[PDB]
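Letters are used for the chains, namely A, B, C, D, E and F, taken in the order the chains are written, and counting of residues starts over at 1 for each.
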């Protein structure tokens, strides 16, 4: 869903002259999801062993709790649709990676439309 | 010390009681004639090898507070007393009461870790925030406005006018950086004995404090009085020259302290 | 050549050192406190402990007549002799540590349980008749970390422009006086930040010194302790 | 074990009468901050079955929830919906429930704040 | 998460303005294994001292150089962000071991005596 | 003209400080993997992509824009040479893929050449 990453930036609030989210707001996300799927690569079996089916469930606690912050994150998850496909993960390894590959495609863009001028 | 900075002290003796709220509440305590027994809750579950009344701790309904919570539990085989169960207590004064408008549940003061209380450093920094702007306005500025949005707003737009004058060439005055009121440095008060606060329906305690005047961010007269703050302090003790904002008809027609200069070290 | 400064630090007030984002961020308020990430005990970072001593010393060891010391690389050369800069490429002789909590098996027996507390504060802002809630967090003032730092002297040469920039047994005492007046105001200023709120006073007990490696002057390291024991 | 899904609906069982909340997060800092403190060392024990020095320590967390239940009616329906005091009876058996209970408990804060503004 | 994001801040005393910084470290309980091999060090000399085999007395000097190599290293740093406190390490369970060779019995247990002196 | 016009843009990027602000050390993560792509793009016999590799030209594609935002010289260099567009129209075959692996090779050799670049 790499083209969706260009699409979701067409809805986030930039009318005030600057941007609302950063990578610092979603920083605690990146200390978990990047730690997550790099334990999914070394997984040799297709179905997730129970040691990390709760770790992806650990994230789902965090994401909506992180979504309970200021309205910069309010637009972000629902225009990305993170949670709506994050419950689907619990069985197989493949789109778990493409879930992370989507947000890695996302966070490479969402603060990275000119944050130095903040534009 | 340093050359921009000297130490200072001040007097703080309260004569009326001191209550600063902290979002904490006490709930059914023993509301009897001579004893207000505040016990240790940790020791009531040591006879399990129990269940006399700790099942009714959850159980309440449409009933009045302080009816049966203390006249039932001691008549069992519980052996409850001070120095045998433990805990502490602040006792009642004169009135029982019997007024009309008994004694309901009681608020909470701030304590440190053991029930040992203190006057907060933030409030005694906020006490003098109600002094130096407030005193020498004596035309004396007013609080002009009809609606609640513009009754009290002149405490805001005047607080950044002659109070933020540190004056760096690269920062605005009217924000957090250019303050000159950041000269003195309040230190919070230590923890005291248990029975210092008393029950009030709204006393000669010695409190000292360290304040350290500073002249670092400024680019001596800052230090230079029976005002009432620390509890129920009224409607004209918070800012300079609170009835019109709430709907009340008569707008159209207990914390005594002391402060004086003391340059000890 | 290495000489370690044994110590112990005890807090007496609330301490809000370091908020950021929250390593755990589940059970804390929006303004958290740093913590030992294996065990979640509120440590002390070695950055602000160095970030206080360098910024207390731009008032007594300088800034005499409207000299800002506007960036701390413009420090006097005694400060460069202890901390270091890019001005002379020196390694620095003041290596701190990161200090965690120590009296976990003491604080629970002295009646404190929660290991930190959110002291509710007010913000009485007179706009539309309100007292604004805010919920900053303190630490228990009966909590004791540990303390250590080492001084090191390169007795060959620590620089390049001269073949000798070493300290002998004469330069150490002005450094310990800069340790004395370094930690002096910090005994009555806030260790952390968010000042004018009654924060961060600490009392250093047992601030002795042990020689790590080498042979030292027997009289020296104990009169050096006077500048340690004074503050 | 799937009780993280249970926290999606048991938060909606809170009686919200004005249209607004009534059990805001601000009342809960004497609850959710004290379950964290036992959790941090519960994992630190290598032993599965607990010591008697750790069985008795959860009991203070139990009675402060019934102190809050006698304090506030909102907590009294907060407990008996999600069954906290019900799961806090057999929590002295082993830590795996005690791990799963706080894991459940952390999920209760989430959709609560998802419907709350939370501006600072 | 196996790696923290430990923050920092900059404050310039022109205006006391906050500039952040993040120094990701290791977890402070992260134990690593630690191996190294010594040898009987038989010289391949440019110098004229051809076939100069080090005996045990030249070997037993080096274990003090192993000792004082790491004794100060426990006291000193390993990593970057210099002189702010990162990298106090503690070398534990140090042991030499004749993996291959004809070392005598008396020597190797005394070579461990320098290893405990740190 | 794709194997020469990489010169008027390796000139076209400006340095005024004396040294070229785009270091060649700035691309050692884009060009340690684009080798590994090129080593198996050419081993492919078919004209179209393998199914395991059209994600690989996507997985590389976000690393362009991620290291674009992480720097300021790469922030303007990539779209001025237009590697987003030449990666946009590349998903069909290896016809434009091996144009890309020599378009970067035209740009790394020029950037080595128009610098002093002691080694």
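Here is the rule we go by: a contact is a pair of C-beta atoms (placed from the backbone, for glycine too) under 8 Å apart; a residue touches a chain by one contact, two chains touch by 3 or more.
Trainee: Considering only chains that satisfy the touch condition with chain C, which of them also satisfy it with chain F?
Mentor: A
Trainee: Would you kindly say which chain has the C-alpha centre located farthest from the C-alpha centre of chain B?
Mentor: So the chain farthest away from chain B turns out to be F.
Trainee: If you average the Cα atoms of each chain, whose average lands nearest the overall Cα average?
Mentor: Answer by centroid distance: C.
Trainee: So the centre of each chain is just the mean of its C-alpha atoms; given that, what is the distance between chain B and chain F in Å?
Mentor: 66
Trainee: What's the distance between the Cα centroids of chain C and chain E, rounded to whole Å?
Mentor: 27
Trainee: Give, as an integer number of Å, the spacing between the C-alpha centres of chain F and chain E.
Mentor: Comparing mean C-alpha positions, chain F is 41 Å from chain E.
Trainee: Please report how many Å separate the Cα centroid of chain D from that of chain F, as a whole number.
Mentor: Chain D and chain F have C-alpha centres separated by 53 Å.
Trainee: What positions in chain F touch 2 or more of the other chains?
Mentor: none
Trainee: List, in ascending order, every residue of chain E touching at least 2 other chains.
Mentor: Correct list: 5, 14.
Trainee: Multi-chain contacts in chain B: which residues touch at least two other chains?
Mentor: 23
Trainee: Give the pairs of chains that touch; include all such pairs.
Mentor: Here the touching chain pairs work out to A-C, A-D, A-E, A-F, B-C, B-D, B-E, C-D, C-E.
Trainee: How about chain D: which of its residues touch chain B in the complex?
Mentor: 26, 30, 59-60, 63, 66-67, 69-71, 76, 85
Trainee: Within the complex, which stretch of chain E touches chain B?
Mentor: For this pair, the touching residues of chain E are 14-17.
Trainee: In the complex formed with chain E, which residues of chain A make contact?
Mentor: Interface residues on the chain A side: 27, 31-32, 35.
Trainee: Under the touch definition given earlier, write down the residues of chain C that touch chain E in their complex.
Mentor: Checking each residue of chain C against chain E gives 2, 4, 18, 20-21, 23, 34, 36-38, 45-51, 55, 58, 68-72, 83-84, 91-92, 94-98, 100, 150, 152, 212-213.
Trainee: Please name which positions on chain B make contact with chain C in the complex.
Mentor: 1-5, 7, 22-23, 110, 112-114, 120-123, 125-126, 148-149, 151-156, 182, 184-188, 210, 212, 216, 219, 238-239, 242, 245-246
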